[PDB]
Ligand SMILES: *[C@@H]1O[C@H](CO)[C@@H](O[C@@H]2O[C@H](CO)[C@@H](O[C@@H]3O[C@H](CO)[C@@H](O)[C@H](O)[C@@H]3O)[C@H](O)[C@H]2NC(C)=O)[C@H](O)[C@H]1NC(C)=O
Ligand SMILES: *[C@@H]1O[C@H](CO[C@@H]2O[C@@H](C)[C@@H](O)[C@@H](O)[C@@H]2O)[C@@H](O[C@@H]2O[C@H](CO)[C@@H](O)[C@H](O)[C@H]2NC(C)=O)[C@H](O)[C@H]1NC(C)=O
Ligand SMILES: *[C@@H]1O[C@H](CO)[C@@H](O[C@@H]2O[C@H](CO)[C@@H](O)[C@H](O)[C@H]2NC(C)=O)[C@H](O)[C@H]1NC(C)=O
């Protein structure tokens with residue numbers, strides 16, 4: 001329906017910078033707002049952040065002011081520009097794409113970010 | 001009101017034609033007058049159009065290339081086609097969209113050969 | 001599909017209340033099977049029961065129970081506060097000799113966390129554009145059912161008091177406003193466009209009701225505005241000329 | 001033991017042909033097929049048994065593998081009714097049927113005479129939301145969500161307003177009062193450049 005293969009991801013030593021692209025294909029005139037979540041060994045999906053189309057941007061407790069999500073209408077890659085790591089932060093980051101028409105969510109394959117010291 | 005298209009035919013690729021379209025009825029309706037085209041085993045899709053609120057607009061790949069225009073009387077509407085490619089071969093239609101709905105034309109067959 | 005019945009069509013409750021979903025089948029078939037099919041996915045089979053007192057697990061199944069006694073009944077029951085069951089509940093029978101399964105008409109269940117958040121939908125009938133009337137000579141009223149949760153409403157439209165299905169388009173599924181939330185409230189719109197000639201005839205009452213399926217009796221209700229029992233809501237307008 | 005059904009999605013236009021396919025490694029006895037249109041459950045379309053067999057049951061023609069390995073379900077001339085989620089299945093691993101992920105077909109309609117317009121709808125009752133209709137345009141227009149969060153726009157449904165044999169694509173968006181007018185509703189979509197917005 002749409003289908004968002006995420007991009008980029010592995011392995012990074014603390015304070016390092018990674019840039020999750022999510023590359024959204026598909027019909028993606030639907031999609032409300034895109035977001036990243038993450039879901040770690042131990043837990044349920046915590047939200048990470050969001051950006052909606054048209055450009056704002058919440059975030060979400062965790063890394064609030066230090067991941068900046070951004071996104072590029074051109075390539076419908078939505079980017080998660082995670083300029084700052086700590087080991088707290090190794091989680092499978094998945095991007096999400098949430099529309100109010102149905103089904104309301106899609107979701108995508110997922111990526112690991114792994115932070116090793 | 002009723003549109004009477006003219007001016008179809010075959011060309012060889014590289015060609016020049018110009019599709020043209022008489023009219024009757026409201027020139028004090030208008031609103032936009034576009035060609036669209038019917039590629040067999042396709043539905044229709046827009047090729048040209050000239051709006052009264054905006055300029056002219058093109059699309060398909062048949063930009064850089066054909067040209068819509070239309071006359072001070074709005075009693076005629078023509079679609080140059082320059083540098084035909086054989087890709088183009090199709091029944092072109094024209095529509096003149098007014099206030100009291102769109103009316104359309106019968107169409108005229110173009111052939112654009114290899 | 002077959003002649004198999006499961007009811008009721010929708011069901012609702014707060015979280016941490018058990019409930020049983022009933023299935024009975026009038027054709028004799030031996031394997032029974034129930035389906036959650038989460039939105040815009042495929043089916044998972046939760047439990048089947050091949051024949052009677054035999055029951056064995058499905059692909060999913062942690063967190064519910066079904067007991068079998070009889071070949072003509074199958075109880076699915078959910079045991080709450082699980083992984084937040086709600087999905088669309090579908091039962092299936094077969095006579096096991098090829099496995100060709102027919103299935104129920106189905107049970108939507110919604111479990112809400114809270115219980116305040118439930119409301120029934122407003123709705124409104126938006127009377128058509130004199131522009132779309134002039135330029136298409138059809139005439140679309142839209143009925144805007146907004147507001148309501150859960151997503152279980154059935155919107156039909158009844159003009160001069162007999163229900164139509166002709167050029168009515170109901171969004172199939174409802175728009176979840178505020179998706180990022182759960183327990184968001186939904187709206188659904190549906191279109192009914194009749195001819196122009198017909199919305200101009202001041203005789204007709206279209207109107208557009210939407211079942212709303214909702215709070216039972218013996219939930220509690222302490223808040224301060226109506227308590228949202230199943231109820232119907234409509235909106236309605238006349239045609240008007242021009 | 002899993003069947004994979006591929007496509008994951010297919011669109012195609014009214015009257016064209018298409019095909020889906022369903023495949024696995026390991027033969028199955030039987031393969032069956034079901035169309036499941038949302039909140040009715042999966043209605044059996046036919047059940048094929050023998051190798052290379054073909055049934056045709058109306059538009060659908062369905063054909064089982066020669067070593068009964070995959071099966072294909074071609075429909076000739078789709079119609080709106082052909083819309084919906086086509087799942088395959090087959091015999092289980094003790095008897096419990098195994099579904100493919102199932103191909104959502106979407107057939108869209110052949111609107112001929114497209115006339116895209118949005119128009120504003122509005123009431124003389126109470127509700128304070130004013131919703132503008134974008135209609136009749138062609139089935140390749142994709143009507144994007146807004147980047148105001150107090151629009152909301154709906155998704156294209158088609159209507160079948162029979163007896164004129166007119167089918168017609170729509171969506172409606174509304175936004176919360178805001179103080180919004182029509183134009184800008186569908187400022188984020190790529191809309192047709194002949195869309196008649198009215199004064
Ligand atoms: C879509 O796919 C189908 C089937 O996979 C294609 O169908 C087959 O196409 C051929 C060529 O048109 C047909 O042969 C014809 O057969 C008869 C003899 O029975 C003869 O009178 C004709 O002159 C011609 O040779 C074959 O029968 C046909 N089968 C069907 C289902 O009609 C098909 O052409 C594709 N259809 C469209 C409309 O895209
Ligand atoms: C409308 O969109 C479809 C689907 O395309 C994708 O989603 C869109 C909202 C937009 O983001 C596209 O750029 C996306 O790729 C368009 O169909 C595409 O058309 C081209 C050219 O014919 C084709 O090669 C692609 O494979 C198409 N994808 C599919 C799934 O059909 C469609 O033509 C668009 N229409 C317009 C006019 O915008
Ligand atoms: C519904 O069923 C569930 C599960 O059987 C109930 O939870 C159990 O209650 C029994 C009897 O009191 C306990 O011995 C179990 O330990 C509980 N099991 C679990 C998994 O929690 C629940 O009490 C029932 N709820 C209602 C509202 O009737």
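Numbers run from 1 along the shown chain.
Technique stated in the header: electron microscopy, 3.4 Å.
Backbone N, Cα and C define each Cβ position, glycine as well.
Taken from Swiss-Prot, the feature N-linked glycosylation site applies to C:18, C:182. Residues or ranges marked as disulfide bond in Swiss-Prot (evidence: experimental evidence): C:23-C:91, C:143-C:208. For C:27-31, the entry in Swiss-Prot reads region 'CDR1', with the evidence type a curator's inference. The peptide antigen binding site feature in Swiss-Prot is assigned to C:30; the stated evidence is experimental evidence. The region 'CDR2' annotation in Swiss-Prot covers C:49-54 and is backed by a curator's inference. Per Swiss-Prot, the feature region 'T cell receptor beta joining 2-7' maps to C:98-112.
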Minimum Cα separation from residue C:182 (N-linked glycosylation site), reported as the residue among recorded positions C:18, C:23, C:208 that achieves it:
C:18
Going by Cα-Cα distance, which of the recorded positions (C:18, C:30, C:143, C:208) sits nearest to residue C:91 (disulfide bond)?
C:30
Given the disulfide-bonded residues C:23, C:143, which one is most crowded in terms of C-beta atoms within 10 angstroms?
C:143
In the region 'T cell receptor beta joining 2-7' (C:98-112), how many residues does DSSP assign to helix, to strand and to coil?
0 helix, 8 strand, 7 coil
Between the Cα atoms of residue C:143 (disulfide bond) and residue C:23 (disulfide bond), what distance do you get, rounded to the nearest Å?
34
Using DSSP, how many residues in the region 'CDR2' (C:49-54) fall into helix, strand and coil?
0 helix, 1 strand, 5 coil
Three-class DSSP secondary structure - residue C:143 (disulfide bond):
strand
Rounded to a whole angstrom, what is the C-alpha distance between residue C:23 (disulfide bond) and the residue listed as 'peptide antigen binding site'?
13
Just to be sure I understand the packing, how many Cβ atoms besides its own are within 10 Å of the Cβ of residue C:182 (N-linked glycosylation site)?
13
List the same-chain residues at least 6 positions away in sequence whose Cβ sits under 8 Å from the Cβ of residue C:208 (disulfide bond), in sequence order, or say none.
C:123, C:125, C:141, C:143, C:145, C:155, C:156, C:157, C:158, C:190, C:192, C:234, C:235, C:236
Using a 6 Å cut-off on Cβ distance, which of the recorded positions C:23, C:30, C:91, C:143, C:182, C:208 come close to any atom of ligand 3?
none
Residue C:23 (disulfide bond): secondary structure state under DSSP, collapsed to three categories:
strand
